[PDB]
Amino acid sequence: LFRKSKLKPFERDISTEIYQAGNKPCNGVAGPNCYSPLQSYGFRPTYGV
Amino acid sequence: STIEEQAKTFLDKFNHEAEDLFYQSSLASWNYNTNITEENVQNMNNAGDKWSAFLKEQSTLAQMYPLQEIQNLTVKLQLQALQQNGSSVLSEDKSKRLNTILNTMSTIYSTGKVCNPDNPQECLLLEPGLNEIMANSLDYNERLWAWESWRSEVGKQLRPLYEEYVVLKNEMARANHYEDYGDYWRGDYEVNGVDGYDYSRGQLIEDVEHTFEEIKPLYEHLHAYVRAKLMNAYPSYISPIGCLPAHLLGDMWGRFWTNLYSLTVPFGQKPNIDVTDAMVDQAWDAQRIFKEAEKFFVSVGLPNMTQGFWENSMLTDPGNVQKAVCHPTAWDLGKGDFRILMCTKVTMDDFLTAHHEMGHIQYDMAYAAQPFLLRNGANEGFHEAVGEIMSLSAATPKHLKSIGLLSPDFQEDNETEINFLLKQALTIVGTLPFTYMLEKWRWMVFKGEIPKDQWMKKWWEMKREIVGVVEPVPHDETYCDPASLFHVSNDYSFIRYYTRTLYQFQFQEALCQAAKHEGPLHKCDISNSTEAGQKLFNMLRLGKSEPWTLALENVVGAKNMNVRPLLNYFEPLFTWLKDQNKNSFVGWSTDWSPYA
Ligand SMILES: *[C@@H]1O[C@H](CO)[C@@H](O[C@@H]2O[C@H](CO)[C@@H](O[C@@H]3O[C@H](CO[C@H]4O[C@H](CO)[C@@H](O)[C@H](O)[C@@H]4O)[C@@H](O)[C@H](O[C@H]4O[C@H](CO)[C@@H](O)[C@H](O)[C@@H]4O)[C@@H]3O)[C@H](O)[C@H]2NC(C)=O)[C@H](O)[C@H]1NC(C)=O
Ligand SMILES: *[C@@H]1O[C@H](CO)[C@@H](O[C@@H]2O[C@H](CO)[C@@H](O[C@@H]3O[C@H](CO)[C@@H](O)[C@H](O)[C@@H]3O)[C@H](O)[C@H]2NC(C)=O)[C@H](O)[C@H]1NC(C)=O
Ligand SMILES: *[C@@H]1O[C@H](CO)[C@@H](O[C@@H]2O[C@H](CO)[C@@H](O)[C@H](O)[C@H]2NC(C)=O)[C@H](O)[C@H]1NC(C)=O
Ligand SMILES: *[C@@H]1O[C@H](CO)[C@@H](O)[C@H](O)[C@H]1NC(C)=O
Ligand SMILES: *[C@@H]1O[C@H](CO)[C@@H](O)[C@H](O)[C@H]1NC(C)=O
Ligand SMILES: *[C@@H]1O[C@H](CO)[C@@H](O)[C@H](O)[C@H]1NC(C)=O
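Residues numbered from 1 in each chain as written, not as in the entry; some residues may be left out. Chains lettered and ligands numbered in written order. Part of a larger assembly, values for the part shown. Heavy atoms only, no water.

*Asks:* With reference to specific residues and values, describe the side chain of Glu19(B).
*Replies:* Residues and elements named next belong to chain B. As for its position among the elements, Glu19 is in helix α1 (residues 3–34). For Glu19, a relative accessible area of 14% corresponds to the buried category. Excluding anything up to four places from it in sequence, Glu19 contacts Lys335, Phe372 and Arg375. (Helix = DSSP H or I, 4+ residues; strand = E, 2+ residues; numbered from the N terminus. Buried < 20%, exposed > 50% of the residue type's maximum accessible area, 1.4 Å probe, protein only. Contact = heavy atoms within 4.5 Å.)

Written out as structure tokens, the structure is:
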């Protein structure tokens, strides 16, 4: 959901680091302006197309 | 970097969690509503607790972004809504006290019961018997006694609790920057930051008054005709110049005048329009009705329902052990799931209610692409107006003839149109003064200008002034008459039932203009038209992304609500009533009192 920059074609990225957005570096911990980069889908049979 | 990017990041996260949490809570609520069991209640409680807690922490976290550094004006709305709708300011003891007070209000309204005099043997509740008695029974003494007894047994208990509740809500409003809780309600229509479209909170008040200045003659002529007709039913009790007794309006509070149609039919000899027998002959079931509604919706160009809607929604009462509430509702669980919850009988009223609810479902589907915090109508009134405009065209004789329920041999002349317009009038026009009166009284009491010891005193004084209805039994300050109203006890804004009505006749008159229709306004259809469909859809898809003044402009062409279409709708009825009221006095006298 969050990356510093874009991706070159045919590329993969697996690194998981806390994406700092605020000016203060939060030293890789969860908190304000410091979100984990990997989100999660939620799948249930009752969803719509 | 700058505040804008950080706010955008925070919103991009918040939407993602909010979707899933809302889905879980709504699914739990639906599961309880279609399956009434204690564990379903527990699941509802858990899901609601999680949702409320999450909203609370998000409201706490959102405070770090000052709102004066946002110029996109789209992030600002989302930030404002999130900050407002989850912020608590009262102390813990006061907060739990208010929660207990509200729970007590709901419990006492649900559990209230009154029964026959000097006989504690058998007793009944408001919904089963009292409503039927006030809608059907013509006994003067029975209706008067029941009306007095319910108020005596409810408002007297509810008075001091309301006295504490108003104070607590007042300090809640004072803690924020609003002047009072009435201003907190009025802030819904507030519009700021846009040139040529700004709407101030106070202005609304003035506007309402101006509107009520123009609809007075129609209401008073209808009142005179109603008084003249009810003279026949109860000659001794009703005065030719006094206000009507409060216990002879066909319901508990006089909110609707529908029940008096049989007692006030203009031409009883002529047959009434009805299709119930026709549907019975053709062996109509629920799915046929809903498919007909869907075809009507398609015929204007709007897309029709998904497969999940047909599979998941339920339309017939399960019966047996499976018990569920049969109040018609349109659920939008989010994430692409829309359902309708209602129990269907083979009647014309259910046939119209199907269209009415499908309108809400289509409106919900319209703005699915907007962000989560902006998935709502432009104000509290647009949603109801959209859901109600279609029921008008659904019941027109032309649509019935095209569908085929009405025989082609049917004809139209004076009496049919007059009866239809009058039946519509006793439902639409009558409720406006009552709603305006209630809203104005609550505004005044929250303003604090009226002392407690005059609460009842003013309440009836304005009732004889505007509504033109006199109480049949005197009451002291012990009673709390407004507390007997369901919406007042449950803390619901009631002004939306006045802005909605004046909206809908603005919409219809617009669409019939685009449909190139000619003739009387009340005989209009938009089945084949498509320009009206796309024009409506253009406003429907907006959601909350724009000020409601702009949205109203994009459909009709005005920046404010107007009363002219409403009067234009009922103009033939106005002329006929003016003709009929030649020998009847117009205007009620406030000096008369039924109890000597
Ligand atoms: C900010 O937070 C507030 C409160 O926390 C939220 O406010 C709620 O908004 C919803 C959406 O409008 C309100 O829901 C509406 O309630 C009306 C009140 O009806 C009550 O009584 C009937 C019985 O007569 C019950 O069946 C019902 O459940 C209520 O208890 C309903 O009448 C409305 O239904 C209308 O629309 C449906 C289609 O949706 C039609 O089918 C119906 O016929 C009817 O016309 C509607 O359900 C809710 O009441 C508000 N809460 C309060 C406390 O007022 C905001 O949504 C929230 N904003 C955010 C998160 O952005
Ligand atoms: C206020 O903020 C919102 C959201 O941050 C801005 O909306 C964004 O507008 C841009 C273009 O105006 C959209 O870019 C478009 O993206 C699509 C792909 O989704 C692409 O196909 C288009 O060619 C275009 O690049 C962007 O998607 C949109 N944001 C969202 C969330 O939809 C808005 O512009 C801001 N207001 C002002 C005045 O700038
Ligand atoms: C919208 O178009 C449909 C399609 O023709 C109309 O349905 C026809 O209505 C006439 C009566 O006017 C019937 O004789 C036909 O049998 C109907 N055709 C079908 C396929 O059902 C419908 O009447 C139009 N809507 C309006 C308001 O005129
Ligand atoms: C309703 O709840 C009961 C209790 O768990 C459950 O057994 C049943 O499957 C649910 N659904 C229906 C339709 O009864
Ligand atoms: C309406 O539903 C029918 C199936 O009954 C489908 O063929 C049609 O495409 C739908 N209308 C639209 C606009 O998709
Ligand atoms: C009934 O309608 C006709 C229309 O031609 C009109 O001439 C007549 O005056 C009307 N009668 C009443 C009582 O409204």
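*Asks:* Any details on the site of ligand 4? Residues and values, ideally.
*Replies:* In the neighbourhood of ligand 4, the contacting residues comprise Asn35(B), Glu39(B) and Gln322(B). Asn35(B) is positioned with one of its side-chain polar atoms (N or O) 2.4 Å from an oxygen atom of ligand 4. (Near = heavy atom within 4 Å. Polar contact = N/O pair within 3.5 Å; in protein donor to acceptor, adjacent residues only side chain to side chain.)

*Asks:* With reference to specific residues and values, describe the interface of chain B and chain A.
*Replies:* Each partner contributes residues to the interface: chain B has 17 residues there, and chain A has 14 residues. Here chain B packs against chain A, burying approximately 1,300 Å² in sum over the two surfaces, 49% of which is carbon and sulfur. Of all residues in chain B, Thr9(B), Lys13(B) and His16(B) bury the most surface against chain A, accounting for 36% of the area lost on that side. At the boundary of chain B with chain A, the tally comes to 1 salt bridge. Residue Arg44(A) pairs with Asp20(B) through a salt bridge whose shortest N-O separation is 3.4 Å. Summed over the shared surface of chain B and chain A, the result is 6 residue pairs in polar contact. No other element matches α1(B), which puts 10 residues into the side of chain B that touches chain A. (Buried area = accessible area lost by both parts, 1.4 Å probe. Salt bridge = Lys/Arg side-chain N within 4 Å of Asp/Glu carboxyl O.)

*Asks:* For helix α4 (residues 92–111) of chain B, give the residues involved together with the corresponding values.
*Replies:* Every α-helix winds through 3.6 residues per turn, so residues three or four apart in the chain are directed the same way. Residues and elements named next belong to chain B. Compared with an ideal rise of 1.5 Å per residue, which puts 20 residues at 28 Å, α4 spans 28 Å between its outermost C-alpha atoms and is within 8% of the ideal. Taken as a whole, α4 has its buried residues at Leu98, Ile101, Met105 and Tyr109. For α4, the angular spread of the buried residues around the axis is 60°, confining them to a single face. Summarising the geometry of α4, the exposed residues directed more than 90 degrees from the buried face are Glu92 and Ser110. Check the buried side of α4 and you find it contacts α5 (126–136), α6 (140–175) and α19 (486–489). (Expected span 1.5 Å × (residues − 1). Arc of directions from axis to C-beta.)

*Asks:* Quick rundown of helix α18 (residues 455–467) of chain B? Include the residues and the values.
*Replies:* Residue and element names in this part refer to chain B. Relative to the 18 Å expected for 13 residues at 1.5 Å per residue, α18 spans 17 Å between its end C-alpha atoms, a close match to the ideal helical length. On its buried side, α18 packs onto α6, α8 (201–214), α9 (216–233), α17 (431–447) and β6 (469–470). Of the residues trailing α18, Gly468 is marked for its positive phi of about 65°.

*Asks:* So what's going on with the UniProt feature "disulfide bond" in chain A? Residues and values would help.
*Replies:* All names here are of chain A. Measuring from sulfur to sulfur, the annotated disulfide partners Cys26 and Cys34 are 2.0 Å apart, close enough to count as bonded by the 2.5 Å criterion. For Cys26, a relative accessible area of 10% corresponds to the buried category. Residue classification places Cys34 among the buried positions, given a relative accessible area of 5%. (Disulfide = S-S within 2.5 Å. UniProt positions renumbered as here; feature names shortened; annotations may be inferred.)

*Asks:* Describe unusual backbone geometry, and please don't skip the residues or the numbers.
*Replies:* Residues and elements named next belong to chain A. Phi is positive for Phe10, which is not a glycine, with a value near 60°. Here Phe10 is to be found in the segment before β1 (19–20). We note that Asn27 has phi near 60°; this positive angle belongs to a residue other than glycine. The residue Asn27 is located in the loop between β1 and β2 (34–35) in this model. Classification of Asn27 by relative accessible area gives exposed; the value is 71%.

*Asks:* Can you lay out the packing of aromatic side chains for me, pointing to particular residues and giving the numbers?
*Replies:* Each aromatic ring pair is summarised here by two numbers: the centre-to-centre distance and the angle between the ring planes. All names here are of chain B. Under the criterion given, the structure shown has 43 aromatic pairs over all chains. Measuring from ring centre to ring centre gives 5.7 Å for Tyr109 and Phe486, while their planes differ by 65°; the resulting arrangement is edge-to-face. Remark: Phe486 occurs in helix α19 and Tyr109 occurs in helix α4; sequence separation between them is 377 residues. Accessibility expressed as a relative area gives 38% for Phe486, which makes it partly exposed. Centroid distance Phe309 to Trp310: 5.3 Å. Interplanar angle 70°. Geometry classified as edge-to-face. Through a chain of ring-to-ring contacts, three or more aromatic side chains come together here, namely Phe10, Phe14, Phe22, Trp51, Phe54, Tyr65 and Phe372. (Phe/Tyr/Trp six-rings, centres within 6.5 Å; stacked < 30°, edge-to-face > 60°.)

*Asks:* Give a detailed account of a negative patch on the surface, specifying residues and quantitative values.
*Replies:* Taken together, the side chains of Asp274(B), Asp277(B), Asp281(B) and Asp349(B) present a region of like negative charge at the surface. Following the sequence through the fold, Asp274(B) ends up in the loop between β3 (244–245) and α10 (276–281). (Patch = residues over 30% accessible without salt bridge, like charges linked within 9 Å, V, L, I, M, F, W, Y side chains within 5 Å. Areas by Shrake-Rupley, 256 points an atom, 1.4 Å probe, with all protein chains shown as cover. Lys, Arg positive; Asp, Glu negative; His and termini not counted. Charge placed at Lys NZ, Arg CZ, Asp CG, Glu CD.)

*Asks:* Tell me about empty space enclosed by the protein, and name the residues and values.
*Replies:* Residue and element names in this part refer to chain B. Applying the stated rule across the entire model yields 9 cavities of 30 Å³ or more. In this model, the largest cavity occupies a volume close to 190 Å³. Mapped onto the lining of the largest cavity, the elements with two or more residues apiece are α6, α17 and α18. Tallied by class, residues from the lining of the largest cavity come to 13 nonpolar, 2 polar and 3 charged. Size it by volume and the second largest cavity reaches roughly 120 Å³. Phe296, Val300, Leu302, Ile389, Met390, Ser393, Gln508, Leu511, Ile526, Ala532, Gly533 and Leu536 together form the lining of the second largest cavity. Listing elements by their share of the lining of the second largest cavity, those giving two or more residues are α14 (382–394), α20 (496–514) and α21 (531–540). (1 Å grid on protein atoms, 1.4 Å probe; cavity = no way out; pocket = protein on both sides within 12 Å on 5 of 7 lines; lining within 4 Å. Points joined across faces, edges and corners; volume = space filled by probe spheres on them. Nonpolar A, V, L, I, M, F, W, Y, C, P; charged D, E, K, R; others polar.)

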